[PDB]
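# Chain and residue survey
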Amino acid sequence: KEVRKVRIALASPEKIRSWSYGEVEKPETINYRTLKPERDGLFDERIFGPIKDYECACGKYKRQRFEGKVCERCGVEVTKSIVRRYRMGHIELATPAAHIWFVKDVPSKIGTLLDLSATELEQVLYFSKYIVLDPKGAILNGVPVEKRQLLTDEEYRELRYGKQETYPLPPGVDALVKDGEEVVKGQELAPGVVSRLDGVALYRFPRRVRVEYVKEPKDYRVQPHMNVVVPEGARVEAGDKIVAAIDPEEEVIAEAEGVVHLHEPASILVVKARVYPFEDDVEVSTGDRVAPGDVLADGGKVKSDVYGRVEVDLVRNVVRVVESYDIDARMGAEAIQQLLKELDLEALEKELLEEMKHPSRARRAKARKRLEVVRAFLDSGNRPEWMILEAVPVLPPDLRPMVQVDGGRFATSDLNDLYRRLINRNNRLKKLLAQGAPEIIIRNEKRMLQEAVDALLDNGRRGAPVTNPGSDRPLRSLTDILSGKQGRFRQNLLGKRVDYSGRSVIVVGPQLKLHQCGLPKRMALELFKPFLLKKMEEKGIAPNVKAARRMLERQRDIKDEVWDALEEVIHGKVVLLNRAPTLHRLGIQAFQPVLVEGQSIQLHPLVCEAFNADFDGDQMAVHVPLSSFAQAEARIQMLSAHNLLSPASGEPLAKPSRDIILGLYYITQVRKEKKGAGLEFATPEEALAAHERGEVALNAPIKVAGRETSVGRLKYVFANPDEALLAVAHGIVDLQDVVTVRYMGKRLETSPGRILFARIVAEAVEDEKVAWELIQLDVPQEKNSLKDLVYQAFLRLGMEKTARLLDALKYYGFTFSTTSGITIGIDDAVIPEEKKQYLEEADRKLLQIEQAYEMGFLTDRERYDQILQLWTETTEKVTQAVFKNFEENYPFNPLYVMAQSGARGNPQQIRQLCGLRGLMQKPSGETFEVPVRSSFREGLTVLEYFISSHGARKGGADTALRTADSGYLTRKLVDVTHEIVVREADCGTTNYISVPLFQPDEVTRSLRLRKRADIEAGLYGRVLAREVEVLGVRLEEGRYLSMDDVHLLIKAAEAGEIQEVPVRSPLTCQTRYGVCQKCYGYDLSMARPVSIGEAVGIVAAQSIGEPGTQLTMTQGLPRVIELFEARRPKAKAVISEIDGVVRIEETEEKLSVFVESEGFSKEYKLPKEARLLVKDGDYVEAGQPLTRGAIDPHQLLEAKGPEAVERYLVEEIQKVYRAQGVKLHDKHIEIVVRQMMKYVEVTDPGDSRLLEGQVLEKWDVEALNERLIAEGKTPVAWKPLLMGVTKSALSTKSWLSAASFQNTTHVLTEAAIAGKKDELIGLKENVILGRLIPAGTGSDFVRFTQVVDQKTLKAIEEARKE
Amino acid sequence: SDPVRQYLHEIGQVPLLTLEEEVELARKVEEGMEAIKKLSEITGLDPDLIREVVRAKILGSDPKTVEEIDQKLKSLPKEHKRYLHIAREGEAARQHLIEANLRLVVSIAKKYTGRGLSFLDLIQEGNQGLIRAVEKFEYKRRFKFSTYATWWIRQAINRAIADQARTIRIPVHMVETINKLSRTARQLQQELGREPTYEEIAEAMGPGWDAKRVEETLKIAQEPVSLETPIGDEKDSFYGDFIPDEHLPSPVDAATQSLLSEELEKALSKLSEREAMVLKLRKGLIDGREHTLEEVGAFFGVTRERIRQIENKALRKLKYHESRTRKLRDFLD
DNA sequence: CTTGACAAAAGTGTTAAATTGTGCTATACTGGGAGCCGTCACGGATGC
DNA sequence: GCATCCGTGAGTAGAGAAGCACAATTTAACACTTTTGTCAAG
Ligand SMILES: [Mg+2]
Ligand SMILES: [Mg+2]
Ligand SMILES: [Zn+2]
Ligand SMILES: [Zn+2]
């Protein structure tokens, strides 16, 4: 069946054992001699599968007929060797180990369930503190021990084993007390020591034994290798052993009968124990634990009266019960696992719900965090103790390969070393447990086992990262494999290396058509090799494919007929050209490859701007779409000639540029003369007579009688464009001379070049009348005019005719620029004579500032500001002088012509060449007092060059850091809007937004009409929500606003007939998981209603992110980032929370603004240095900024509502792109802003199972409310939320896309516990699974379309309904 | 956060033993072990079974049968219950004797770092040798515990390094051979002032060694290289990105196999119904396994010489067909 | 198409050397080692 | 409320340092039939 959902959940220990084909018991990998896998190792064939297909390890079976059979000798299943990529193993841990994801991912999932803090959980898991599971009636410091209590090692030993301490004595002294004496705290055991605790005092090693015989004392010495066998006061019969020794000679036997008295103890051991002397046998033994009332020795006569551990003494003939409790306190994951096994989720939920009613907000918030975790386990069926591992899964060996390289050495993954460490520590623990090792040794091994598990799962997450010996490189764990830019998601799932691909340096293909590219034959032979082999076999080139491939292996064996067959292969087919970085979708375009000799790809000049490609070493990747779908998509949707308008703004992206503009500008600009300008005649013949004598020039403006004309208009009257251009070919007139030509039935006073340009457009579109309406004849053709012509031709004639027009403009633009005579000399950078005057004038005023500075009239900062303002004005005046000099004296100057036409250069760069370099900034940002007075033509001085070097380095450093920030922003935008697709024609909503045609202006305190480009960016292409009547024109509801309609609305706005336009927008769209066609409007790239299925969310993200590097970077890119991240502005403005009248109270100490209302008195303590923008008496609305600066978007949300923050975010983001001249349609921002407002917070659950403060999507709560209202239950009360693109993307329902963006450990930890089921709605999820994305041709709206001919259709019809 | 410092603190809470305490604990373990032997000889059960039951009670916390065996031992009379007491005290003395010598292993283990095992691994392996030292220690010889324990602690650390310090495990004999080769080569290097040649190293090693054996031993001593080793300053490339997969067939290899299969069955169509069956059955084109003329003599009931008679005849006819069409030679390579 | 019988090929059961695994060394020795550092902003929690 | 530590993230391409003794297990050299495969005979 088809895969439709992906579910992630916790794996039970039983489930892990169900996956595994066997337990990996040895850390061995392969034999060092045979190089074959070892049995029970990490590569064992009996567990993971045969190394080679259908062959067992022993070799008994080597055939496919035994599929499914397991060899009786070797134990290896006879099957395909590829099972080693899928069959998993497991490691049976000696003791349970906690999964590090559910421990360290803040907030801890295990800690949240167990109400344990991170410090408390860390201490128990890593064997620093005990946790009490069963107190068993234990008392600590007088307080009874409770369950879940944390005990230190010292506290546990006191409870478990008791309290005792040995007190050493000085050498040669005797103890004051006797054996078995009930000493107390502070009592002196010996002259130099005092007992710090109360208990029974007993001698450890009596150095001297005094036996008083019965008839005299005998003092013996006890060597350190000797032991006294009788107690103090014992009755020793003559000859009985008293002190034992290794050799019988040193044995101290009694000479006669007497009583033994011990003396000179090595130390006194005072143990808090009760002694019970006994005479008969003992009913217990050392180590036994007895409660009060338990019989001890004499068959009932002697019974214990205190909790403790029994130690029977065979010399003192007493039973000592060291007071202690059998408390059940454990460490590690075993103690934690028992707590989660015994935790009742149903009971915990009820208790947490009761705490949810607590009046403290913090208590409710803490209860919500716990109850979200509890409900996640309850709903998914996950069992909380599964977060502690008993069986560790083993990755299949082919995913952690140990391979022999061609050199002969072996290469292995870091996981094998991580697995070996776990098995080595696990196996050692099993042997240590079997040997009955002390708890200290077992504690260390269990702690090391937990760290071994942690390193395997997430190395470096807790503690020092595990590294291999000889290097400091941390081992790559499972978490590292999946997370990060080098992880599995971002390196192998969201992007891949592909076959049928190539790469080469690009060169300009001037002769290419817009849909064509130059592909090297050698590349195409490799790129289309499988197709070529088939074609070679169809012809007589080769007998079959295998022979054909052998021919192509050697270059010298390739016949010339192969190249002819390659042409038939690539006929009609297209290739994909890609230049990195692919900032927008036109970074990949489809071209028909033209086979060319050489090794470079020829690229069309008109697509360079879309690729951001130049020819100074750029390289492009080539890709071959294989199937009919892939070829059809590239030829229809991705063809370069089919993508002429920018998807970001709707403006022509494939348009004349550089030499094409310059060549067309040169022939369309008219010459102006000054020889006889302003002179007047009486008759036209007199004017011509003056021209013959040379008094007046051909194009000098003159007046015949009362009309301003020129000699050329009268002297040369041409009957048709052909005659005018024939005169140019014969040299009578130039293309720039203004003459009289009859064209289109009109007597035009224009130049032949302008007439020539008209014929270029007319012949390109094959329509003379329409082309006349498409061009502006009486202006020189510059970048803006040529862009307008391309856009107008697109609307009136379509893509196919526009592509031909673009090629015609490119051909003539290149042709005329070559013969124009355009060059760059040192004298072309003309220095105006006004520069010297301005520099001298600035110097004179500079002395005035210095003279006033010495007079005290101004301060240091005032002098610094005065100098900067002086030089700023001087710099601007020189810029005007440079262009004024060009305008009146050198109208055809190369630098001037390039700047005016828009080909190359800007006025700032022209000034640095012809005027002065200007002011420079220090590394600290301060401007140098002295500017660079020399231009590049004159040449900078050594000092000036170094002064200018600070800015050049700063600009380059800014550029490098901006690309990373811009690229990071683009990825956030993609990952938050990737699911937004046009999924339906109309959602049926009646909501809309009103695009304002006027904006307030503070300098005049009034409404001023917005810029035309700004109105177009918010109105072009948008569907009218309500009918609009302007200037007698009825714009019906549902009308798509074309550029003419937008201009009509602007004209009506200037007439005062309209102030805002109600349009449908994505912000008000009700479509689930996307937008509707009506709420989106035009596909800006086609200037027509968007087609259902377009991934407009991806387009919006690329549209915003593409110009990110062009921002100057509260200003520039950082301003955009904080707006999309909904970050609170540092210089936060203060907005009124309510409406009313402001009342300022300024004082010498502080400032306070009061917004007085009818019965409300709000207070705002604004600082002294606060730039207020409101005065006393003004009525302010709620959320209106009292103080200048950036508004906090979150404060605006609660003050004014969701619509106010949405319009604020779109406007503020647009302001940044307006400053750099970037034209971005408001739709693209609104799609992202729509995702930023997608979630809401529950304020009152009502009659639902939701919690107060719970965050969920706005659609869900509205859908939930509909069912609640439909059955009479109380609806959920909620408030809107605003989050940044990063947080919004990470809170999406689909865990596959969220895990592939960021916080992979955090996303997967919560998804697995909640048992989340990804429904594969967005684009990223299907990319990961390699499925057809639900957009474009993969959208369900067009994917099931059938195609059939009439003959087949009638045949089916005539055969069924007959 | 520091496991080593945490362990050192834990072992620091057990005071070091005086010589009097050391002898007393050592004596009790030997007496306890002898008591277990006496108990088993009388009670009749496995001596190893009894020591686990005694050890279980001392440690505390199959539990069904441990109580049953412990109760049976306590059911013995007074004379026999005494031997149980020494067994309990002997096992408790063993636990305390091991705990008080955990400082000795750390001092020994710190001299073995940098040899493929972490410091904590060396200590835990050294602890295993320390436990073995207690079992085999004899206080009758009047030697101190550290004198005899040092041999077992160092032994356990050495064996662990020879067994666990390499991804590809190498036996102790070859590890000790590899160690000798390095030591010999280093000694020759410092005396000759240059890197020794394989002939020079073999001669210094002794009889049975030539330059061939030295080179093979060095080849064996080559540790595998990590697949995640970065190349260049940038942390964006590893060795694994440059190692092709030579196991799975390439698309070209898979295609030519299919091309050969369809051309071979097309050529076999010209053969007779039985003649083509024999070759497909003898060459394993149907069942996948080459059969014997006998295994085919049962499918059709014919003689092993019948098949060899026709199998060649069908083979010869394919040779004639191939020479006439030449549509099958290019697959031969 | 059967002998048939016959040598090569293959299987098979011993036996040896070779390789590999394990135990054991008894003066006394009893708490490690390397780092240690020039980013910045952002949540999120954790307590105060 | 606030101050602090921890965790997270920060553009895309390409090119680039013990022996030794002994037992236990495995390998490899043999012999052996026993088995297919094969070229005479009808
Ligand atoms: Mg370039
Ligand atoms: Mg004339
Ligand atoms: Zn097998
Ligand atoms: Zn809609």
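Residues numbered from 1 in each chain as written, not as in the entry; some residues may be left out. Chains lettered and ligands numbered in written order. Part of a larger assembly, values for the part shown. Heavy atoms only, no water. Residues with missing side-chain atoms left out of burial classes, pairs and counts.

- Looking at the entry header, you'll see cryo-EM listed as the method and 2.53 Å as the resolution.

### Comments concerning the side chain of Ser 934 of chain A
Residue and element names in this part refer to chain A.
- Structurally, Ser 934 is set in the loop between α30 (907-914) and α31 (942-977).
- Polar contacts involving the side chain of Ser 934 include one to the side chain of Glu 944, which spans 2.8 Å.
- Not counting residues within four places of it along the chain, the set of residues in contact with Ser 934 comprises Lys 835, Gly 915, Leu 916, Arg 917, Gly 939, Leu 940, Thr 941 and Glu 944. (Helix = DSSP H or I, 4+ residues; strand = E, 2+ residues; numbered from the N terminus. Polar contact = N/O pair within 3.5 Å; in protein donor to acceptor, adjacent residues only side chain to side chain. Contact = heavy atoms within 4.5 Å.)

### Some remarks on the sheet that holds strand β55 (residues 1255-1257) of chain A
All names here are of chain A.
- Spatially, 3 strands are ordered β55-β54-β56 in an open sheet, and the strand pairing comes out antiparallel. Each end of this open sheet is capped by a strand with a single partner; those strands are β55 and β56 (1277-1280). Mean inter-strand twist for the sheet, computed between neighbouring axes without regard to direction, equals 45 degrees.
- In this sheet, β56 lies alongside strand β54 (residues 1239-1244) in antiparallel orientation, the contact comprising 4 bridges. Looking at the pairing, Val 1240 lines up with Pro 1280 of β56.
- Helix-sheet contacts for helix α40 (residues 1258-1270) involve β54, β55 and β56, and the interaxial angle to β55 is about 85 degrees. (Pairing = 2+ DSSP bridges. Axes fitted to C-alpha atoms, helices over the stretch in contact; angles between N-to-C directions.)

### A closer look at the interface of chain A and chain B
- Contacts between chain A and chain B engage 83 residues on the former and 79 residues on the latter.
- Carbon and sulfur atoms make up 53% of the area that chain A and chain B hide from each other, which totals about 7200 Å².
- With a closest N to O distance of 3.4 Å, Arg 425 of chain A and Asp 121 of chain B form a salt bridge.
- Joining chain A to chain B, the criterion identifies 38 residue pairs in polar contact. (Buried area = accessible area lost by both parts, 1.4 Å probe. Salt bridge = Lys/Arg side-chain N within 4 Å of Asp/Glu carboxyl O.)

### Regarding the UniProt feature "binding site: Mg(2+)" in chain A
Residue and element names in this part refer to chain A.
- As recorded in UniProt, the sites labelled "binding site: Mg(2+)" are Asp 614, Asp 616 and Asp 618.
- Looking at the secondary structure, you find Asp 614 in the loop between α18 (608-611) and β34 (619-623).
- Judged by relative accessible area, which is 36%, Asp 614 ranks as partly exposed.
- Mapping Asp 616 onto the fold places it in the loop between α18 and β34. (UniProt positions renumbered as here; feature names shortened; annotations may be inferred. Buried < 20%, exposed > 50% of the residue type's maximum accessible area, 1.4 Å probe, protein only.)

### Considering the sheet that holds strand β37 (residues 717-718) of chain A
Residue and element names in this part refer to chain A.
- Judged by pairing direction, the sheet is mixed, and its 3 strands sit side by side in the order β37-β38-β39 without closing on themselves. Two strands lie at the open edges of the sheet, namely β37 and β39 (746-750), each paired on one side alone.
- When strand β38 (residues 739-743) meets β39, the two strands line up antiparallel, connected through 5 bridges. Its bridge partner lying in β39, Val 739 is registered against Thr 750.

### Regarding the pairing of strand β31 (residues 575-578) of chain A
Residues and elements named next belong to chain A.
- Burial along β31 is two-sided: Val 575 and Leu 577 and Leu 576 and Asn 578, pointing in opposite directions, are all buried.
- By the bridge criterion, 4 bridges tie β31 to strand β32 (residues 588-596) in an arrangement that is antiparallel. When the sheet's bridge partners are listed, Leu 576 is paired in β32 with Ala 590.
- With 3 bridges connecting them, β31 and β34 associate as antiparallel partners. In the strand pairing of β34, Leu 576 is matched with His 623.

### As for the protein's contact with DNA strand D
- With respect to spatial proximity, 33 residues lie near DNA strand D, and among them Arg 183, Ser 237, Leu 293, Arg 304 and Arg 308 of chain B are the closest.
- Near the protein, within 4 Å, the atoms of DNA strand D are sugar or phosphate in 57% of cases.
- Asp 236 of chain B has a polar side-chain atom sitting 2.9 Å from a base nitrogen of DNA strand D.
- Going through the elements one at a time, α31 of chain A together with α8 (145-164), α9 (172-192), α14 (293-299) and α15 (304-325) of chain B are the ones with two or more residues in the surface near DNA strand D.
- Broken down by class, the residue content of the surface near DNA strand D amounts to 7 nonpolar, 10 polar and 16 charged. (Near = heavy atom within 4 Å. Nonpolar A, V, L, I, M, F, W, Y, C, P; charged D, E, K, R; others polar.)

### A short note on the coordination of the magnesium ion (ligand 1)
- Distances from the magnesium ion (ligand 1) to its protein donors, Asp 614 of chain A (OD), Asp 616 of chain A (OD) and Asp 618 of chain A (OD), fall within 2.1 Å.
- Mapping the donors of the magnesium ion (ligand 1) onto the primary sequence gives the spacing D-x1-D-x1-D. (Donors = N, O, S within 2.8 Å, 3.2 Å for Na, K, Ca; no water.)

### Quick look at the protein's contact with DNA strand C
- Around DNA strand C, the surrounding shell holds 47 residues, and the nearest of these are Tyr 32 and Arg 33 of chain A together with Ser 146, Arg 159 and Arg 169 of chain B.
- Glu 138 of chain B places a polar main-chain atom, nitrogen or oxygen, 3.3 Å from a base nitrogen of DNA strand C.
- Of all elements in the fold, only α1 (3-11), α6 (102-109), α7 (119-136), α8, α9 and α15 of chain B reach the threshold of two or more residues within the surface near DNA strand C.
- The biggest single contributor to the surface near DNA strand C is α8 of chain B, with 8 residues.
- Class assignment for the residues of the surface near DNA strand C results in 17 nonpolar, 11 polar and 19 charged.

### Examining α15 of chain B
Residue and element names in this part refer to chain B.
- If you check α15, its first and last C-alpha atoms are 32 Å apart, about what 22 residues at 1.5 Å a residue would give, namely 32 Å.
- Of all the residues in α15, the buried ones are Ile 307, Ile 310, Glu 311, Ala 314, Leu 318 and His 321. The arc enclosing the buried residues of α15, seen along the axis, measures out at 110 degrees, which places them on a common side. In α15, the exposed residues that point more than 90 degrees away from the buried face are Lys 313, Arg 316, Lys 319, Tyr 320 and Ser 323.
- Taken together, the buried residues of α15 touch α12 (251-269), α13 (273-282) and α14.
- Following α15 by one or two positions, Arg 326 adopts a phi angle in the positive range, close to 55 degrees. (Expected span 1.5 Å × (residues − 1). Arc of directions from axis to C-beta.)

### A short note on unusual backbone geometry
Residue and element names in this part refer to chain A.
- The linkage connecting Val 106 with the following residue, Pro 107, adopts the cis geometry, with an omega of -5 degrees.
- By secondary structure assignment, the location of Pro 107 is in the loop between α3 (101-104) and α4 (109-114).
- Cis rather than trans, the peptide bond between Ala 580 and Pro 581 has omega equal to 0 degrees.
- By the element assignment, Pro 581 lies in the loop between β31 and β32.
- Even without being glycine, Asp 40 reaches a positive phi, approximately 65 degrees.
- Within the secondary structure, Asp 40 sits in the loop between β2 (20-23) and α2 (45-48).
- Residue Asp 40 is classed as buried on the basis of its relative accessible area, which comes to 18%.

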